[PDB]
Structure formats: structure tokens, C-alpha cells
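S.K.: Protein sequences, first through last, are from chains A and A'. A prime marks a further copy of an entry chain. At position 68 of the first sequence the residue is numbered 68 (PDB author numbering), and the sequence of numbers has no breaks. At position 63 of the second sequence the residue is numbered 63 (PDB author numbering), and the sequence of numbers has no breaks. Ideal placement from N, C-alpha and C gives every residue a C-beta, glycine not left out.
Number of protein chains: 2
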Amino acid sequence: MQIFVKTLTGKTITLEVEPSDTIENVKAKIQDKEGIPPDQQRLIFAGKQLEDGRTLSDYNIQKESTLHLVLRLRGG
Amino acid sequence: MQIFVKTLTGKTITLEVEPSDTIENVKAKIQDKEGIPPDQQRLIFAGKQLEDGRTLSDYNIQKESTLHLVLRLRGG
Numbered sequence: 001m002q003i004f005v006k007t008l009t010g011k012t013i014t015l016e017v018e019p020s021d022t023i024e025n026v027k028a029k030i031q032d033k034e035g036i037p038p039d040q041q042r043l044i045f046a047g048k049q050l051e052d053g054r055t056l057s058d059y060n061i062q063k064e065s066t067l068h069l070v071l072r073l074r075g076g
Numbered sequence: 001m002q003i004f005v006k007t008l009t010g011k012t013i014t015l016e017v018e019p020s021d022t023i024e025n026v027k028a029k030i031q032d033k034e035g036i037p038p039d040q041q042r043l044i045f046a047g048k049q050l051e052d053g054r055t056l057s058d059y060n061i062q063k064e065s066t067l068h069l070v071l072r073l074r075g076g
């Protein structure tokens with residue numbers, strides 16, 4: 001299925017995912033598509049910071065849901 | 001698995017480790033990779049000075065955890 005990911009510049013990308021994808025899977029797909037290291041990605045859905053071991057379905061992410069991607073440097 | 005090690009200059013390295021590695025193993029790997037004598041290394045995780053005979057798992061060090069490396073000369 002397709003989901004959308006929205007950045008702070010307004011840009012929106014489409015990703016191919018399954019409900020069983022974990023957040024780490026999604027970050028890996030953003031790496032593949034956009035070249036962003038997973039450690040520089042912060043994903044948000046429904047006002048929650050998304051955790052690497054939980055699935056899209058755990059957060060109620062569905063076909064055509066929109067996540068937010070914020071880039072950060074590693075805190076250290 | 002991979003862990004990160006952060007220095008006081010801000011530099012971060014990646015190391016290949018196992019949960020069963022001891023701290024002495026980790027210092028040996030920093031020697032191999034970066035040429036720092038073990039006696040010049042101080043490792044910190046979770047606000048604890050790490051001791052050469054304990055394992056990564058003993059300190060709750062996990063995949064993608066970040067340790068801190070401080071260089072010191074030998075006290076004597």
C-alpha cells in the first residue's frame with residue numbers, strides 16, 4: 001500500500017509499505033529512496049513519535065495516511 | 001551488531017560488537033580501528049565508567065547504543 005510522508009519544507013513523498021512494516025522498515029525505505037540515514041530521521045504520526053520496533057498498524061497507519069518526517073542530527 | 005561511540009570533538013564512530021563483548025574487547029576494537037591504546041581510553045555509558053571485565057549486556061548496551069569515549073593519559 002502507499003503512504004505519504006510530509007517534511008518541514010512542505011515536500012511530500014510516497015512510500016510503498018505494508019501494515020506489518022515496522023518503523024525501522026519505513027526509515028530503511030526513506031534511506032533507499034531519499035538517502036537519509038535512519039539516525040537523522042524522526043517520524044511522527046498522530047502526534048506520536050514513532051518507535052523503531054512497532055508496526056504501522058500499531059499506530060493506526062493506513063493506506064494513504066500522512067506521516068511527518070523531521071530531520072535532526074544525532075543528539076550526540 | 002553496531003554501536004556508536006562519541007568523542008569530545010563531536011566525532012562519532014561505528015563499531016561491530018556483540019552483546020557478550022567485554023569492555024576490554026571494545027577497547028581492543030577501538031585500538032584496531034583508531035589506533036588508540038586501551039590505557040588511553042575511558043568508556044562511559046549511562047553515566048557509568050565501564051569496567052574491562054563486564055559485558056555490553058551488563059550495562060544495557062544494545063544495538064545502536066551510543067557510548068562516550070574520553071581520551072586520557074595514564075594517570076601515572
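Based on the DSSP secondary-structure assignment, which residues constitute the bridge partners of residue 5 (chain A')?
M.R.: Partner(s): A':13, A':67.
S.K.: Which of the residues in the segment 35-69 of chain A, read from start to end, lie with their CB under 7 Å from any CB of chain A'?
M.R.: If the cut-off is 7 Å between Cβ atoms, the segment 35-69 of chain A has nothing near chain A'.
S.K.: If you reduce the DSSP assignment to three classes, tell me which class residue 49 (chain A') lands in.
M.R.: Residue 49 (chain A'): strand per DSSP, three-state reduction.
S.K.: Check the Cβ-Cβ distances between residue 74 (chain A) and every residue of chain A', and say whether any is below 8 Å.
M.R.: Chain A', which has a Cβ nearer than 8 Å to the Cβ of residue 74 (chain A), makes this yes.
S.K.: Which residue comes first and which comes last in the alpha helix (DSSP H) that contains residue 23 (chain A')?
M.R.: Residues 23-34.
S.K.: Taking Cβ positions, are residue 42 (chain A') and residue 17 (chain A') nearer each other than 8 Å?
M.R.: Their beta carbons are not under 8 Å apart, which means residue 42 (chain A') does not touch residue 17 (chain A') by this criterion.
S.K.: Using 8 Å as the limit for Cβ to Cβ distance, is residue 9 (chain A') near chain A?
M.R.: Output row for residue 9 (chain A'): interface = no.
S.K.: Could you tell me which residues DSSP pairs with residue 42 (chain A') in its beta bridges?
M.R.: A':70, per the DSSP bridge assignment.
S.K.: Check whether the segment 2-15 of chain A' and the segment 50-69 of chain A are in contact - that is, three or more C-beta pairs closer than 8 Å.
M.R.: Too few Cβ pairs lie closer than 8 Å, so no.
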